[PDB]
>>> print(open('run_13.cif').read())   # mmCIF, C-alpha atoms and all ligand atoms
data_entry
loop_
_atom_site.label_atom_id
_atom_site.label_comp_id
_atom_site.auth_asym_id
_atom_site.auth_seq_id
_atom_site.Cartn_x
_atom_site.Cartn_y
_atom_site.Cartn_z
CA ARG Y 395 47.16 -48.60 -0.16
CA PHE Y 396 43.74 -49.98 0.85
CA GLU Y 397 43.13 -51.00 -2.78
CA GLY Y 398 46.75 -51.94 -3.47
CA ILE Y 399 50.01 -50.18 -4.28
CA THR Y 400 49.92 -48.17 -7.50
CA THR Y 401 53.43 -48.74 -8.88
CA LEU Y 402 55.15 -52.11 -9.16
CA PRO Y 403 58.09 -52.78 -6.81
CA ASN Y 404 60.41 -52.71 -9.86
CA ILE Y 405 59.65 -49.08 -10.77
CA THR Y 406 61.18 -46.06 -9.01
CA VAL Y 407 59.18 -42.81 -8.94
CA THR Y 408 60.56 -39.54 -7.57
CA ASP Y 409 59.15 -36.03 -7.25
CA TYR Y 410 62.16 -34.11 -8.56
CA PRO Y 411 65.01 -35.70 -10.53
CA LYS Y 412 67.88 -34.66 -8.24
CA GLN Y 413 66.51 -36.57 -5.24
CA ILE Y 414 67.42 -40.11 -4.19
CA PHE Y 415 64.57 -42.62 -4.25
CA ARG Y 416 65.34 -43.79 -0.71
CA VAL Y 417 64.78 -40.25 0.60
CA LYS Y 418 61.33 -40.46 -0.99
CA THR Y 419 60.73 -43.92 0.48
CA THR Y 420 61.94 -43.39 4.05
CA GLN Y 421 60.78 -39.84 4.83
CA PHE Y 422 58.48 -39.37 7.82
CA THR Y 423 54.91 -38.44 6.99
CA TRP Y 424 52.90 -36.34 9.44
CA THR Y 425 50.74 -39.15 10.83
CA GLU Y 426 53.91 -41.19 11.35
CA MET Y 427 55.49 -38.40 13.42
CA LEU Y 428 52.24 -38.21 15.40
CA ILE Y 429 52.56 -41.94 16.09
CA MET Y 430 56.22 -41.36 17.03
CA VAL Y 431 55.60 -38.64 19.63
CA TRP Y 432 52.67 -40.77 20.81
CA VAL Y 433 54.97 -43.74 21.45
CA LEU Y 434 57.42 -41.42 23.20
CA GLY Y 435 54.67 -40.21 25.54
CA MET Y 436 53.45 -43.73 26.29
CA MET Y 437 57.03 -44.81 26.97
CA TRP Y 438 57.50 -41.85 29.31
CA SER Y 439 54.39 -42.87 31.27
CA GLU Y 440 55.47 -46.52 31.42
CA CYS Y 441 59.00 -45.62 32.54
CA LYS Y 442 57.56 -43.31 35.21
CA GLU Y 443 55.45 -46.16 36.59
CA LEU Y 444 58.50 -48.45 36.36
CA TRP Y 445 60.61 -45.99 38.36
CA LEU Y 446 57.82 -45.65 40.93
CA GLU Y 447 56.94 -49.32 41.45
CA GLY Y 448 60.48 -50.63 40.91
CA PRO Y 449 61.63 -53.22 38.37
CA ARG Y 450 61.00 -56.24 40.61
CA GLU Y 451 57.32 -55.47 41.17
CA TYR Y 452 57.01 -54.03 37.65
CA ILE Y 453 58.03 -57.28 35.92
CA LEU Y 454 55.67 -59.47 37.98
CA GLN Y 455 52.55 -58.52 36.00
CA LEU Y 456 52.93 -60.23 32.62
CA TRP Y 457 50.61 -57.79 30.84
CA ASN Y 458 52.85 -54.89 31.87
CA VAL Y 459 55.76 -56.81 30.32
CA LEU Y 460 53.71 -57.18 27.13
CA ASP Y 461 53.02 -53.43 27.07
CA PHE Y 462 56.69 -52.58 27.64
CA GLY Y 463 57.71 -54.92 24.83
CA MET Y 464 55.16 -53.42 22.44
CA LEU Y 465 56.39 -49.88 23.12
CA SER Y 466 60.04 -50.91 22.72
CA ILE Y 467 59.20 -52.64 19.42
CA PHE Y 468 57.54 -49.50 18.05
CA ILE Y 469 60.68 -47.60 19.05
CA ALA Y 470 62.90 -50.18 17.33
CA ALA Y 471 60.89 -50.02 14.10
CA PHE Y 472 61.15 -46.23 13.99
CA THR Y 473 64.88 -46.36 14.82
CA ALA Y 474 65.57 -48.74 11.92
CA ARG Y 475 63.48 -46.50 9.65
CA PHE Y 476 65.52 -43.48 10.77
CA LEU Y 477 68.83 -45.25 10.11
CA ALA Y 478 67.61 -46.15 6.62
CA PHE Y 479 66.62 -42.50 6.15
CA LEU Y 480 70.01 -41.28 7.39
CA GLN Y 481 71.78 -43.43 4.82
CA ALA Y 482 69.21 -42.16 2.29
CA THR Y 483 69.78 -38.47 3.02
CA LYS Y 484 73.57 -38.99 3.10
CA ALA Y 485 73.54 -40.65 -0.32
CA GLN Y 486 71.23 -37.83 -1.41
CA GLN Y 487 73.70 -35.24 -0.12
CA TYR Y 488 76.51 -37.00 -2.00
CA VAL Y 489 74.50 -37.11 -5.24
CA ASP Y 490 73.37 -33.49 -5.02
CA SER Y 491 76.84 -32.30 -4.02
CA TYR Y 492 79.28 -34.06 -6.32
CA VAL Y 493 77.47 -35.06 -9.54
CA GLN Y 494 75.69 -32.71 -11.94
CA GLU Y 495 73.11 -33.83 -14.51
CA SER Y 496 69.44 -33.57 -15.42
CA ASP Y 497 68.31 -37.11 -14.55
CA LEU Y 498 70.04 -39.49 -12.15
CA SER Y 499 69.30 -42.60 -14.22
CA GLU Y 500 71.71 -41.64 -17.00
CA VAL Y 501 74.55 -41.10 -14.51
CA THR Y 502 76.86 -43.83 -13.27
CA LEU Y 503 77.60 -43.50 -9.56
CA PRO Y 504 80.02 -45.08 -7.08
CA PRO Y 505 78.57 -48.51 -6.25
CA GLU Y 506 78.28 -48.09 -2.48
CA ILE Y 507 76.33 -44.88 -3.16
CA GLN Y 508 74.50 -46.11 -6.30
CA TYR Y 509 72.92 -48.94 -4.28
CA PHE Y 510 70.43 -46.42 -2.86
CA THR Y 511 68.88 -45.94 -6.33
CA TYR Y 512 67.68 -49.55 -6.55
CA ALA Y 513 64.01 -50.52 -6.42
CA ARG Y 514 62.22 -52.76 -3.90
CA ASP Y 515 63.30 -56.07 -5.45
CA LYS Y 516 67.04 -55.31 -5.54
CA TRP Y 517 67.07 -54.33 -1.84
CA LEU Y 518 69.48 -56.18 0.41
CA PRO Y 519 67.67 -58.69 2.67
CA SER Y 520 68.97 -56.84 5.78
CA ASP Y 521 67.98 -53.29 4.87
CA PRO Y 522 66.95 -51.32 7.99
CA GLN Y 523 63.65 -50.33 6.37
CA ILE Y 524 62.70 -54.00 5.95
CA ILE Y 525 63.29 -54.51 9.67
CA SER Y 526 61.25 -51.35 10.26
CA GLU Y 527 58.30 -52.69 8.25
CA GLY Y 528 58.34 -56.08 9.96
CA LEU Y 529 58.62 -54.69 13.48
CA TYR Y 530 55.92 -52.12 12.68
CA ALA Y 531 53.51 -54.83 11.54
CA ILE Y 532 54.21 -56.83 14.71
CA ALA Y 533 53.75 -53.67 16.79
CA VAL Y 534 50.38 -52.91 15.18
CA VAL Y 535 49.17 -56.48 15.79
CA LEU Y 536 50.25 -56.18 19.43
CA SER Y 537 48.87 -52.66 19.93
CA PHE Y 538 45.43 -53.83 18.87
CA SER Y 539 45.48 -56.04 22.00
CA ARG Y 540 45.16 -53.09 24.42
CA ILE Y 541 41.35 -53.50 24.33
CA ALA B 542 11.28 -71.31 12.97
CA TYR B 543 7.65 -70.16 13.07
CA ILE B 544 6.52 -73.77 12.59
CA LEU B 545 8.99 -76.01 14.46
CA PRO B 546 8.03 -75.14 18.10
CA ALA B 547 4.66 -76.86 17.63
CA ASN B 548 6.46 -80.21 17.35
CA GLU B 549 7.29 -81.76 20.72
CA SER B 550 10.29 -83.40 19.04
CA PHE B 551 11.76 -80.26 17.45
CA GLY B 552 10.66 -77.48 19.82
CA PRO B 553 13.31 -77.89 22.55
CA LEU B 554 15.99 -78.18 19.85
CA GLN B 555 15.05 -74.82 18.33
CA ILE B 556 14.87 -73.23 21.78
CA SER B 557 18.43 -74.37 22.54
CA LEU B 558 19.42 -73.03 19.11
CA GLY B 559 18.14 -69.55 19.90
CA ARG B 560 19.91 -69.77 23.26
CA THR B 561 23.33 -70.76 21.92
CA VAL B 562 23.13 -68.14 19.15
CA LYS B 563 22.34 -65.39 21.67
CA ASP B 564 25.31 -66.61 23.72
CA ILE B 565 27.97 -66.95 21.01
CA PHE B 566 27.18 -63.52 19.54
CA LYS B 567 29.49 -62.07 22.22
CA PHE B 568 32.43 -64.32 21.34
CA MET B 569 31.76 -63.43 17.70
CA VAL B 570 32.23 -59.76 18.65
CA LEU B 571 35.51 -60.53 20.43
CA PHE B 572 36.70 -62.64 17.48
CA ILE B 573 35.83 -59.73 15.17
CA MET B 574 38.12 -57.55 17.28
CA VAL B 575 41.10 -59.93 17.22
CA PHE B 576 40.55 -60.78 13.54
CA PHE B 577 40.52 -57.09 12.58
CA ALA B 578 43.73 -56.70 14.58
CA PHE B 579 45.55 -59.44 12.68
CA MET B 580 44.06 -58.37 9.34
CA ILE B 581 45.31 -54.79 9.60
CA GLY B 582 48.68 -56.02 10.83
CA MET B 583 49.33 -58.45 7.99
CA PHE B 584 47.90 -56.00 5.43
CA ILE B 585 50.34 -53.28 6.53
CA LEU B 586 53.08 -55.92 6.46
CA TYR B 587 52.55 -57.30 2.96
CA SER B 588 50.88 -54.44 1.05
CA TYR B 589 54.08 -53.42 -0.76
CA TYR B 590 54.56 -56.81 -2.45
CA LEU B 591 51.68 -56.61 -4.92
CA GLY B 592 53.51 -58.40 -7.72
CA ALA B 593 56.15 -60.20 -5.66
CA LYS B 594 54.07 -62.96 -4.04
CA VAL B 595 52.83 -66.42 -4.98
CA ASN B 596 49.21 -65.23 -4.95
CA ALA B 597 47.52 -61.92 -4.13
CA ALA B 598 46.35 -62.96 -0.66
CA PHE B 599 47.55 -60.15 1.64
CA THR B 600 48.08 -57.42 -0.97
CA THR B 601 44.86 -55.45 -0.42
CA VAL B 602 42.43 -54.98 2.45
CA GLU B 603 39.56 -57.00 0.99
CA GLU B 604 41.79 -59.86 -0.16
CA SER B 605 43.54 -59.97 3.22
CA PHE B 606 40.09 -60.17 4.83
CA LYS B 607 39.12 -63.01 2.49
CA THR B 608 42.32 -64.98 3.12
CA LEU B 609 42.27 -64.57 6.91
CA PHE B 610 38.55 -65.37 7.15
CA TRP B 611 38.83 -68.50 5.02
CA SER B 612 41.77 -69.50 7.22
CA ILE B 613 39.22 -70.07 10.01
CA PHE B 614 37.87 -73.18 8.25
CA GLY B 615 41.29 -74.32 7.02
CA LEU B 616 40.29 -73.49 3.44
CA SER B 617 43.31 -71.20 2.90
CA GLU B 618 46.70 -72.57 1.89
CA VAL B 619 49.93 -71.70 3.68
CA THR B 620 51.70 -70.75 0.43
CA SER B 621 49.93 -67.37 0.60
CA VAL B 622 52.61 -66.16 3.02
CA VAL B 623 55.61 -67.01 0.83
CA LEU B 624 57.39 -64.21 -1.07
CA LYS B 625 59.10 -64.36 -4.45
CA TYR B 626 62.11 -62.28 -3.37
CA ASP B 627 64.82 -63.11 -0.80
CA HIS B 628 63.38 -60.95 2.00
CA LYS B 629 63.56 -63.80 4.50
CA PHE B 630 62.77 -61.59 7.50
CA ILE B 631 59.39 -60.44 6.16
CA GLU B 632 58.22 -63.93 5.23
CA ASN B 633 59.40 -65.32 8.58
CA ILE B 634 57.38 -62.63 10.36
CA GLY B 635 54.47 -63.60 8.12
CA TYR B 636 54.77 -67.25 9.15
CA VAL B 637 54.92 -66.24 12.82
CA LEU B 638 51.94 -63.88 12.64
CA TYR B 639 49.75 -66.32 10.67
CA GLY B 640 50.54 -69.18 13.05
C1 LIG Y 701 9.36 -83.97 3.51
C2 LIG Y 701 9.12 -82.74 2.65
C3 LIG Y 701 8.52 -83.12 1.30
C4 LIG Y 701 8.24 -81.73 3.37
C5 LIG Y 701 8.94 -81.19 4.62
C6 LIG Y 701 8.08 -80.11 5.26
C7 LIG Y 701 8.69 -79.59 6.56
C8 LIG Y 701 10.00 -78.85 6.29
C9 LIG Y 701 7.71 -78.69 7.31
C10 LIG Y 701 6.53 -78.30 6.42
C11 LIG Y 701 5.24 -78.70 7.13
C12 LIG Y 701 5.70 -78.74 8.58
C13 LIG Y 701 4.82 -79.44 9.60
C14 LIG Y 701 3.38 -78.94 9.54
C15 LIG Y 701 2.61 -79.32 10.79
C16 LIG Y 701 3.19 -79.79 11.91
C17 LIG Y 701 2.33 -80.25 13.07
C18 LIG Y 701 2.82 -79.57 14.35
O1 LIG Y 701 2.11 -80.00 15.53
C19 LIG Y 701 2.30 -81.36 16.04
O2 LIG Y 701 3.39 -81.81 16.34
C20 LIG Y 701 1.08 -82.20 16.27
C21 LIG Y 701 0.49 -81.81 17.63
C22 LIG Y 701 0.01 -80.38 17.57
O3 LIG Y 701 -0.11 -79.74 16.40
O4 LIG Y 701 -0.30 -79.78 18.59
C23 LIG Y 701 4.31 -79.78 14.53
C24 LIG Y 701 5.11 -79.23 13.36
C25 LIG Y 701 4.69 -79.89 12.06
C26 LIG Y 701 5.06 -81.36 12.04
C27 LIG Y 701 5.42 -79.14 10.96
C28 LIG Y 701 6.92 -79.47 11.04
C29 LIG Y 701 7.76 -78.92 9.87
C30 LIG Y 701 7.10 -79.31 8.56
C31 LIG Y 701 7.08 -80.83 8.45
#
>>> encode(input="run_13.cif", output="structure tokens")
Amino acid sequence: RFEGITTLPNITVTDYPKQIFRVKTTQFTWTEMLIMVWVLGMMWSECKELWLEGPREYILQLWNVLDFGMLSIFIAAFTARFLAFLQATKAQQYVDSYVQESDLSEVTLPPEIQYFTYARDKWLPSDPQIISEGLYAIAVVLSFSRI
Amino acid sequence: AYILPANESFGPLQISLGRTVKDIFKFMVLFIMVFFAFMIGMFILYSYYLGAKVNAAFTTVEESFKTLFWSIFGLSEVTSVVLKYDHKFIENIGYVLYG
């Protein structure tokens, strides 16, 4: 995406027709899982030092508070992404299980389930993936401060 | 610069110029670090709204660099952050990060 996204936010592109677009959008790539286990390790180290020094002395240093907040925000972004992906894979399971057709676009689906076929523009303002993107941007901006 | 030091009026000026440049190079390095931080952050934030913004400010890497750099001299408008859609959370985070 360094030179810009290829498809417009209005268009939905999927690898195979039976799959739900949100499964394609919210799936974890390999580098993202590397970042995830990385954040888990950093959080383990920080919680170990918290348990050792104790919360009272741990909170005194403001930079340690900043680091704790950054790690928790990364965790929150990935949790919202995973909730979006759980709804995605559940709608995908419904579509693959109950309806039969060649292409999904021609089919009419139950509305609560059909919502997961919409493109970027139609998305509800409180979608968990939107929260994920925002918190992830904030977390990157804050993580660059560890220099 | 090869000619000015001969002038008693302009010599000391140019000497102080060399001095302050040598000094502020370090703060320029630190500002490069923080600027790259914010650039990558806002780029990752806004990259998906290529055709859903007022202008194309934070859509790509180079254009995000241009916008954020020109923001140093106040030559960048604040409408670059606004979105066309109703994703209020993303544009609020954009306001916060830019400020
Ligand atoms: C006004 C426009 C049309 C011309 C502007 C030219 C300046 C940008 C440059 C070109 C020639 C330069 C001058 C050429 C010779 C000298 C003499 C030099 O030495 C002295 O001050 C006299 C005592 C000594 O030489 O030891 C000091 C720099 C100065 C004024 C230079 C200063 C910078 C100058 C004026």
>>> closest_residue(input="run_13.cif", among="B:587, B:609, B:614, B:595", to="chain Y", atoms="all atoms listed in the file")
B:587
>>> residues_near_ligand(input="run_13.cif", ligand="ligand LIG 701 (chain Y)", cutoff="12 Å", atoms="only C-alpha atoms and all ligand atoms", output="list in words")
residues 542, 543, 544, 545, 546, 547, 548, 549, 550, 551, 552 and 555 of chain B
>>> interface_residues(input="run_13.cif", of="chain Y", to="chain B", cutoff="12 Å", atoms="all atoms listed in the file", output="PyMOL selection string")
chain Y and resi 395-405+419+513-541
>>> atom_distance(input="run_13.cif", atom1="CA of residue 473 (chain Y)", atom2="CA of residue 432 (chain Y)")
14.7 Å
>>> closest_residue(input="run_13.cif", among="B:596, B:610, B:560, B:605", to="residue 572 (chain B)", atoms="only C-alpha atoms")
B:610
>>> atom_distance(input="run_13.cif", atom1="CA of residue 510 (chain Y)", atom2="CA of residue 493 (chain Y)")
14.9 Å
>>> axis_aligned_box(input="run_13.cif", around="region 474-493 of chain Y", padding_each_side="8 Å", output="lines of an AutoDock Vina configuration file")
center_x = 71.4
center_y = -40.5
center_z = 1.2
size_x = 31.8
size_y = 32.4
size_z = 37.5
>>> atom_distance(input="run_13.cif", atom1="CA of residue 412 (chain Y)", atom2="CA of residue 490 (chain Y)")
6.5 Å
>>> closest_residue(input="run_13.cif", among="Y:452, Y:496, Y:427, Y:503", to="residue 469 (chain Y)", atoms="only C-alpha atoms")
Y:427
>>> closest_residue(input="run_13.cif", among="Y:499, Y:511, Y:431, Y:440", to="residue 460 (chain Y)", atoms="all atoms listed in the file")
Y:440
>>> residues_around(input="run_13.cif", residues="residue 483 (chain Y)", least_positions_apart="6", cutoff="10 Å", atoms="all atoms listed in the file", output="mmCIF file with C-alpha atoms, keeping the file's coordinate frame")
data_model
loop_
_atom_site.group_PDB
_atom_site.id
_atom_site.type_symbol
_atom_site.label_atom_id
_atom_site.label_comp_id
_atom_site.auth_asym_id
_atom_site.auth_seq_id
_atom_site.Cartn_x
_atom_site.Cartn_y
_atom_site.Cartn_z
ATOM 1 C CA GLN Y 413 66.510 -36.570 -5.240
ATOM 2 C CA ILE Y 414 67.420 -40.110 -4.190
ATOM 3 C CA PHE Y 415 64.570 -42.620 -4.250
ATOM 4 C CA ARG Y 416 65.340 -43.790 -0.710
ATOM 5 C CA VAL Y 417 64.780 -40.250 0.600
ATOM 6 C CA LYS Y 418 61.330 -40.460 -0.990
ATOM 7 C CA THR Y 420 61.940 -43.390 4.050
ATOM 8 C CA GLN Y 421 60.780 -39.840 4.830
ATOM 9 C CA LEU Y 477 68.830 -45.250 10.110
ATOM 10 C CA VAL Y 489 74.500 -37.110 -5.240
ATOM 11 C CA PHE Y 510 70.430 -46.420 -2.860
#
